[PDB]
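Listing of work37.pdb, PDB, C-alpha atoms and all ligand atoms
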ATOM      1  CA  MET K  21      38.814 133.564 153.352
ATOM      2  CA  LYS K  22      37.934 133.793 149.622
ATOM      3  CA  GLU K  23      38.093 131.440 146.653
ATOM      4  CA  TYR K  24      40.400 131.677 143.672
ATOM      5  CA  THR K  25      40.536 130.022 140.229
ATOM      6  CA  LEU K  26      43.919 129.493 138.569
ATOM      7  CA  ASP K  27      44.809 131.452 135.477
ATOM      8  CA  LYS K  28      46.007 128.375 133.577
ATOM      9  CA  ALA K  29      47.735 130.760 131.107
ATOM     10  CA  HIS K  30      50.131 132.074 133.823
ATOM     11  CA  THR K  31      50.411 129.006 136.043
ATOM     12  CA  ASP K  32      53.184 126.454 135.668
ATOM     13  CA  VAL K  33      53.044 123.144 137.592
ATOM     14  CA  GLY K  34      56.788 122.485 137.246
ATOM     15  CA  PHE K  35      59.631 120.149 138.289
ATOM     16  CA  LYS K  36      63.408 119.740 137.742
ATOM     17  CA  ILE K  37      65.280 116.468 138.086
ATOM     18  CA  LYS K  38      68.976 115.890 137.360
ATOM     19  CA  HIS K  39      70.166 113.040 135.134
ATOM     20  CA  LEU K  40      73.316 111.669 133.557
ATOM     21  CA  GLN K  41      73.898 110.942 129.860
ATOM     22  CA  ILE K  42      76.680 108.854 128.296
ATOM     23  CA  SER K  43      77.814 109.941 124.795
ATOM     24  CA  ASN K  44      80.958 109.522 122.653
ATOM     25  CA  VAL K  45      83.279 112.458 121.965
ATOM     26  CA  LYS K  46      84.426 111.786 118.359
ATOM     27  CA  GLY K  47      87.347 113.875 116.989
ATOM     28  CA  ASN K  48      90.303 113.913 114.572
ATOM     29  CA  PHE K  49      93.333 116.163 113.859
ATOM     30  CA  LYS K  50      93.642 118.519 110.818
ATOM     31  CA  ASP K  51      97.452 118.772 110.910
ATOM     32  CA  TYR K  52      99.635 115.586 110.954
ATOM     33  CA  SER K  53     102.277 113.971 108.781
ATOM     34  CA  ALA K  54     103.304 110.396 108.029
ATOM     35  CA  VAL K  55     106.028 108.326 106.434
ATOM     36  CA  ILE K  56     104.585 105.077 104.987
ATOM     37  CA  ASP K  57     106.609 102.113 103.543
ATOM     38  CA  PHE K  58     104.539  99.210 102.214
ATOM     39  CA  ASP K  59     105.002  96.214  99.874
ATOM     40  CA  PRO K  60     101.981  95.454  97.688
ATOM     41  CA  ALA K  61     103.630  92.152  96.624
ATOM     42  CA  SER K  62     103.448  90.828 100.221
ATOM     43  CA  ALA K  63     100.898  93.118 101.950
ATOM     44  CA  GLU K  64     103.454  94.114 104.599
ATOM     45  CA  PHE K  65     104.175  97.425 106.218
ATOM     46  CA  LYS K  66     107.915  98.200 106.558
ATOM     47  CA  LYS K  67     107.801 101.614 108.238
ATOM     48  CA  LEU K  68     104.887 103.676 109.563
ATOM     49  CA  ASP K  69     105.804 106.882 111.399
ATOM     50  CA  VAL K  70     103.163 109.474 112.259
ATOM     51  CA  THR K  71     103.509 112.927 113.887
ATOM     52  CA  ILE K  72     100.329 114.687 114.843
ATOM     53  CA  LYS K  73     100.083 118.367 115.809
ATOM     54  CA  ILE K  74      98.075 118.421 119.037
ATOM     55  CA  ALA K  75      97.136 122.078 118.335
ATOM     56  CA  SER K  76      95.014 120.965 115.332
ATOM     57  CA  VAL K  77      92.618 118.759 117.329
ATOM     58  CA  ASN K  78      88.980 118.898 116.221
ATOM     59  CA  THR K  79      86.065 117.553 118.205
ATOM     60  CA  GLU K  80      83.605 119.943 116.459
ATOM     61  CA  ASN K  81      83.427 122.411 119.369
ATOM     62  CA  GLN K  82      85.972 125.286 119.429
ATOM     63  CA  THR K  83      85.937 125.895 123.236
ATOM     64  CA  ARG K  84      86.664 122.170 123.944
ATOM     65  CA  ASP K  85      89.499 121.932 121.413
ATOM     66  CA  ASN K  86      90.981 124.959 123.281
ATOM     67  CA  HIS K  87      90.533 123.345 126.664
ATOM     68  CA  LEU K  88      92.317 120.241 125.271
ATOM     69  CA  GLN K  89      95.553 122.209 124.897
ATOM     70  CA  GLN K  90      95.513 123.142 128.652
ATOM     71  CA  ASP K  91      97.739 121.766 131.426
ATOM     72  CA  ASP K  92      95.039 119.312 132.506
ATOM     73  CA  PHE K  93      94.975 117.662 128.984
ATOM     74  CA  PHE K  94      97.576 117.827 126.170
ATOM     75  CA  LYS K  95      99.799 120.671 127.474
ATOM     76  CA  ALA K  96     100.390 121.743 123.821
ATOM     77  CA  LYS K  97     102.663 124.599 124.939
ATOM     78  CA  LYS K  98     105.165 121.996 126.385
ATOM     79  CA  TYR K  99     104.312 118.925 124.175
ATOM     80  CA  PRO K 100     103.071 120.225 120.831
ATOM     81  CA  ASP K 101     102.977 116.905 119.025
ATOM     82  CA  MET K 102     102.023 113.286 119.521
ATOM     83  CA  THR K 103     103.791 110.519 117.702
ATOM     84  CA  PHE K 104     103.495 106.941 116.606
ATOM     85  CA  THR K 105     106.430 104.791 115.473
ATOM     86  CA  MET K 106     105.792 101.319 114.043
ATOM     87  CA  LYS K 107     108.180  98.782 115.575
ATOM     88  CA  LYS K 108     106.996  95.492 113.959
ATOM     89  CA  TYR K 109     104.192  94.349 111.582
ATOM     90  CA  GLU K 110     102.991  90.805 112.041
ATOM     91  CA  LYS K 111     100.929  89.899 108.898
ATOM     92  CA  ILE K 112      97.854  87.678 109.395
ATOM     93  CA  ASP K 113      96.888  87.623 105.713
ATOM     94  CA  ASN K 114      96.573  90.126 102.860
ATOM     95  CA  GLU K 115      93.647  91.938 104.633
ATOM     96  CA  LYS K 116      94.704  91.823 108.269
ATOM     97  CA  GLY K 117      97.711  92.268 110.462
ATOM     98  CA  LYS K 118      98.741  93.125 114.000
ATOM     99  CA  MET K 119     100.887  96.352 114.116
ATOM    100  CA  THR K 120     103.081  97.099 117.141
ATOM    101  CA  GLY K 121     104.487 100.574 117.833
ATOM    102  CA  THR K 122     105.408 103.308 120.271
ATOM    103  CA  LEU K 123     102.837 105.946 120.951
ATOM    104  CA  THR K 124     103.973 109.110 122.704
ATOM    105  CA  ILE K 125     101.433 111.445 124.248
ATOM    106  CA  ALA K 126     102.630 114.483 126.268
ATOM    107  CA  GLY K 127     106.139 112.991 126.547
ATOM    108  CA  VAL K 128     104.999 109.667 127.889
ATOM    109  CA  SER K 129     105.743 106.669 125.670
ATOM    110  CA  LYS K 130     104.131 103.282 125.511
ATOM    111  CA  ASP K 131     104.034 100.334 123.105
ATOM    112  CA  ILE K 132     100.617  99.610 121.626
ATOM    113  CA  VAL K 133      98.992  97.165 119.190
ATOM    114  CA  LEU K 134      96.754  98.324 116.346
ATOM    115  CA  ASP K 135      94.727  96.126 114.046
ATOM    116  CA  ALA K 136      95.539  96.828 110.468
ATOM    117  CA  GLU K 137      92.832  96.126 107.994
ATOM    118  CA  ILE K 138      93.785  96.598 104.351
ATOM    119  CA  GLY K 139      90.753  97.971 102.535
ATOM    120  CA  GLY K 140      92.383  98.132  99.110
ATOM    121  CA  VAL K 141      95.643  97.777  97.182
ATOM    122  CA  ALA K 142      95.773  98.993  93.557
ATOM    123  CA  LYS K 143      97.854 100.308  90.632
ATOM    124  CA  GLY K 144      96.002 103.438  89.513
ATOM    125  CA  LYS K 145      94.690 104.229  86.026
ATOM    126  CA  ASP K 146      97.780 106.561  85.901
ATOM    127  CA  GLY K 147     100.049 103.474  86.537
ATOM    128  CA  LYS K 148     101.147 104.687  90.010
ATOM    129  CA  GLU K 149     100.394 102.655  93.213
ATOM    130  CA  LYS K 150      97.756 103.287  95.862
ATOM    131  CA  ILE K 151      96.524 101.741  99.118
ATOM    132  CA  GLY K 152      93.630 102.129 101.524
ATOM    133  CA  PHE K 153      93.825 100.754 105.038
ATOM    134  CA  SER K 154      92.729 101.251 108.616
ATOM    135  CA  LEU K 155      94.500 100.999 111.989
ATOM    136  CA  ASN K 156      92.496 100.666 115.174
ATOM    137  CA  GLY K 157      92.939  99.904 118.872
ATOM    138  CA  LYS K 158      91.955 100.946 122.398
ATOM    139  CA  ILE K 159      94.571 102.778 124.574
ATOM    140  CA  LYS K 160      94.238 103.580 128.293
ATOM    141  CA  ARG K 161      94.502 107.224 129.501
ATOM    142  CA  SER K 162      95.923 105.721 132.686
ATOM    143  CA  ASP K 163      98.765 104.021 130.820
ATOM    144  CA  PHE K 164      99.911 107.404 129.544
ATOM    145  CA  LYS K 165      99.093 109.246 132.764
ATOM    146  CA  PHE K 166      96.955 111.422 130.517
ATOM    147  CA  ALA K 167      94.472 114.009 131.888
ATOM    148  CA  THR K 168      94.976 112.469 135.347
ATOM    149  CA  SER K 169      92.929 115.138 137.202
ATOM    150  CA  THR K 170      89.790 114.094 135.218
ATOM    151  CA  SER K 171      88.108 111.045 136.836
ATOM    152  CA  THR K 172      87.630 107.822 134.903
ATOM    153  CA  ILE K 173      83.931 108.271 135.834
ATOM    154  CA  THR K 174      83.448 111.604 133.987
ATOM    155  CA  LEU K 175      85.655 110.588 131.007
ATOM    156  CA  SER K 176      86.378 106.974 130.024
ATOM    157  CA  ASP K 177      89.869 105.621 130.657
ATOM    158  CA  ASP K 178      89.611 104.077 127.144
ATOM    159  CA  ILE K 179      90.377 105.973 123.991
ATOM    160  CA  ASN K 180      89.500 104.178 120.712
ATOM    161  CA  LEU K 181      91.830 104.986 117.914
ATOM    162  CA  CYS K 182      90.615 104.839 114.394
ATOM    163  CA  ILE K 183      93.109 105.785 111.627
ATOM    164  CA  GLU K 184      91.711 105.548 108.065
ATOM    165  CA  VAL K 185      94.321 106.197 105.377
ATOM    166  CA  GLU K 186      94.072 106.621 101.616
ATOM    167  CA  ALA K 187      97.642 106.978 100.204
ATOM    168  CA  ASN K 188      99.496 107.124  96.839
ATOM    169  CA  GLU K 189     103.020 106.334  95.715
ATOM    170  CA  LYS K 190     105.773 109.027  96.154
ATOM    171  CA  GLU K 191     107.961 111.219  93.699
TER     172      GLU K 191
HETATM  173  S1  LIG C 201      89.240 102.589 112.050
HETATM  174  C1  LIG C 201      88.218 101.317 112.552
HETATM  175  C2  LIG C 201      88.419 100.040 112.038
HETATM  176  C3  LIG C 201      87.608  98.980 112.420
HETATM  177  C4  LIG C 201      86.578  99.222 113.327
HETATM  178  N1  LIG C 201      85.777  98.150 113.696
HETATM  179  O1  LIG C 201      85.549  97.872 115.052
HETATM  180  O2  LIG C 201      85.295  97.461 112.818
HETATM  181  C5  LIG C 201      86.351 100.601 113.880
HETATM  182  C6  LIG C 201      85.257 100.956 114.856
HETATM  183  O3  LIG C 201      84.074 100.738 114.525
HETATM  184  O4  LIG C 201      85.547 101.481 115.956
HETATM  185  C7  LIG C 201      87.203 101.607 113.454
END

Could you take the file, read its structure, and then write that structure out as structure tokens?
Ligand SMILES: *Sc1ccc([N+](=O)[O-])c(C(=O)O)c1
Amino acid sequence: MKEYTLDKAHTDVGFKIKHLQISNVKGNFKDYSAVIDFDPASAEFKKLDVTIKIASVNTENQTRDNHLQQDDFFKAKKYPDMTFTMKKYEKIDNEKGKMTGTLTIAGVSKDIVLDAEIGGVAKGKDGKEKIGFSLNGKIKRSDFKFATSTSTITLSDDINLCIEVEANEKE
């Protein structure tokens, strides 16, 4: 035999080990429209109808937003928009209320509850009305048979909705 000394500069004592990491995908939509009827005298919603263009999804990652349109997610080609229709607003007080409505994702429709929190009601310096409020709630992918081929392990069955609205009076 013969004896050797490592060249530390070109020797790597290495290892690879696989692990999992949980993180939240956060995202919104750039293109949507709403009709909003509200009574600042009573802090009640009368009509809230939202149409969201699935195409305009944004999770800050252009190749994912694209994949979201595919058959195994939104199927934007066949179901280009998702919609929410308020059916009933049960006021708790002037800050809080339970909102019930029909959400439709990829042509499947289900009634959901959102918690309305009114952040602010004002008459502007200009004399015209404004409001700020938030709707939030958890929906289940499984309830809408949404992205069914993706396991509830890889991607949570729960989606948390968070709608923040600033809005002004019309015409
Ligand atoms: S839009 C929205 C309203 C309220 C809350 N909240 O839990 O206080 C959230 C949230 O943090 O998910 C979002």

With 6 Å as the cut-off and all atoms listed in the file counted, what is the closest atom pair between each nearby residue of chain K and ligand LIG 201 (chain C)? Distances in Å to one decimal, ordered by chain and number, as a Markdown table.
| residue | atom | partner | partner_atom | distance |
| --- | --- | --- | --- | --- |
| K:154 | CA | C:LIG201 | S1 | 5.1 |
| K:155 | CA | C:LIG201 | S1 | 5.5 |
| K:156 | CA | C:LIG201 | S1 | 4.9 |
| K:182 | CA | C:LIG201 | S1 | 3.5 |
| K:183 | CA | C:LIG201 | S1 | 5.0 |
| K:184 | CA | C:LIG201 | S1 | 5.5 |

So that I can check the surroundings of residue 174 (chain K), please list as a list in words every protein, DNA and RNA residue that reaches within 12 Å of it, counting only C-alpha atoms and ignoring chain neighbours fewer than 4 positions away.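 Once the nearby chain positions are removed, what remains is residues 40, 41, 42, 43, 44, 167, 168, 169, 170 and 178 of chain K.
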
Shortest interatomic distance to residue 128 (chain K) - which of K:101, K:151, K:179, K:144, counting all atoms listed in the file: K:101

Can you tell me how far CA of residue 64 (chain K) sits from CA of residue 104 (chain K), in Å to one decimal? 17.6 Å

Residue by residue, what does the PyMOL selection byres (((chain K and resi 60) around 12) and not hetatm) grab here? Present the result as a list in words.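 Selection result, ordered by chain and number: residues 57, 58, 59, 61, 62, 63, 64, 65, 66, 114, 115, 138, 140, 141, 142, 143, 149, 150, 151, 152, 188 and 189 of chain K.
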
With the file shown as input, list the residues that the PyMOL selection byres (((chain K and resi 177) around 8) and not hetatm) selects, as number ranges by chain. K: 160-162, 172, 175-176, 178-179

Distance CA of residue 46 (chain K)-CA of residue 159 (chain K), one decimal place? 14.9 Å

Select, from K:93, K:24, K:153, K:109, the residue with the minimum atom-to-atom distance to residue 187 (chain K), counting all atoms listed in the file. K:153

For CA of residue 113 (chain K) and CA of residue 67 (chain K), quote the distance in Å rounded to one decimal.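 So the answer is 17.9 Å.
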
Please write as a PyMOL selection string the full residue list that the PyMOL selection byres (((chain K and resi 97) around 12) and not hetatm) yields on this file. chain K and resi 73-75+86+88-96+98-101+126

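Ranking K:146, K:32, K:69, K:191 by their shortest atom-to-atom distance to residue 122 (chain K), with only C-alpha atoms included, puts K:69 first.
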
Contacts of region 133-135 of chain K within 7 Å, only C-alpha atoms, excl. fewer than 4 positions in-chain, as a PDB file with C-alpha atoms, in the coordinates of the input:
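Final file, result.pdb:
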ATOM      1  CA  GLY K 117      97.711  92.268 110.462  1.00  0.00           C
ATOM      2  CA  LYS K 118      98.741  93.125 114.000  1.00  0.00           C
ATOM      3  CA  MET K 119     100.887  96.352 114.116  1.00  0.00           C
ATOM      4  CA  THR K 120     103.081  97.099 117.141  1.00  0.00           C
ATOM      5  CA  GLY K 121     104.487 100.574 117.833  1.00  0.00           C
ATOM      6  CA  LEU K 155      94.500 100.999 111.989  1.00  0.00           C
ATOM      7  CA  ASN K 156      92.496 100.666 115.174  1.00  0.00           C
ATOM      8  CA  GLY K 157      92.939  99.904 118.872  1.00  0.00           C
TER       9      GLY K 157
END

Per-axis box centre and lengths in Å around region 163-173 of chain K, 5 Å margin per side, axis-aligned, as JSON:
{"center_x": 91.9, "center_y": 109.6, "center_z": 133.4, "size_x": 26.0, "size_y": 21.1, "size_z": 17.7}

Pick the closest to residue 127 (chain K) from K:190, K:158, K:108, K:165: which is it, counting only C-alpha atoms?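 When distances to residue 127 (chain K) are compared using only C-alpha atoms, the smallest one comes from K:165.
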
Best match for closeness to residue 102 (chain K) among K:23, K:137, K:186, K:51, counting all atoms listed in the file: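 Nearest candidate to residue 102 (chain K) out of K:23, K:137, K:186, K:51: K:51.
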